[PDB]
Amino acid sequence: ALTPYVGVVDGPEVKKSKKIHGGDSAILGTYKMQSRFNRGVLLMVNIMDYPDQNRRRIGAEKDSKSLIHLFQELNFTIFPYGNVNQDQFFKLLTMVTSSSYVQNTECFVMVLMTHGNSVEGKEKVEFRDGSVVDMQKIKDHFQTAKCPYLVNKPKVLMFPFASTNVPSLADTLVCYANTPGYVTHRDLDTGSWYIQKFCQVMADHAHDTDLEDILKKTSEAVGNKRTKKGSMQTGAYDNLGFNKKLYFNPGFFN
């Protein structure tokens, strides 16, 4: 049932690399990003319909287009989805991470766009059916045990709209659009602005700069603006043993 996205999508110009970037810094390594058909896999899930046409995230499809366009230029294999329930979501995820596609891919990026709740000290995520799940559940899916195919591979999990301790993640980045705000640009949401700025920054710098630099640029950018510049800055991410640089080397292979 896995259908890689195919089709022409117009969007900003994404500068291309002219070499395989390796930081040159030398001290920290670089995730391999040089294959020509297995550069990366993107799992994009944009949920935009809930119990009633009230919380309907209008303008969300605009994000799907930006992300798809951007990752097509990064030469990723893309698996995009619309509204799905808690049960469908976890089935898709498993199907994707267990896919022959991911088995040989050099990089994995998932972007889940939905509504998020902060029940107690826990963080939850909503789906089409209105149901919720501990984001922890979602992250845990990427433990080496469950994702054999991603061990030692760059994993970027993005949620733009946010003696008995179980194992931890490695080579993983968890990105958020950290803002207790939702209305922005008179007709948008903070996550959508985060996403747009992200794609813009990716488009202009992916050819030259590693992901973590881009995320800081994204966070600085989305921050310096209106209706969300109170406690200073907005974007944020967790580095879970993501100890090497991640250059996407768009448009170039070795």
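Quick note: we count residues from 1 along the sequence shown, nothing fancier.
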query: Unresolved deposited residues lying between neighbours residue 162 and residue 163; finding: 10 or more
query: Mean C-alpha B-factor comparison - 92-100 and 126-134, higher one; finding: 126-134
query: Mean temperature factor over C-alpha atoms, higher-scoring stretch between 115-123 and 140-148; finding: 115-123
query: Residue of maximum C-alpha B factor among 172, 83, 75, 168, per deposited coordinates; finding: 168
query: Which of 33, 44, 201, 188 ranks first by CA B-factor in the deposited coordinates; finding: 188
query: Residue 37 CA temperature factor, ranked by third within the chain; finding: lowest
query: For residue 212, the third of its chain into which the C-alpha B factor falls; finding: lowest
query: CA B-factor placement of residue 230, once the chain's modelled residues are sorted into thirds; finding: highest
query: Chain-wide C-alpha B factor ranking for residue 17, given as lowest, middle or highest third; finding: middle
query: Third assignment of residue 206 from its chain's C-alpha B-factors; finding: lowest
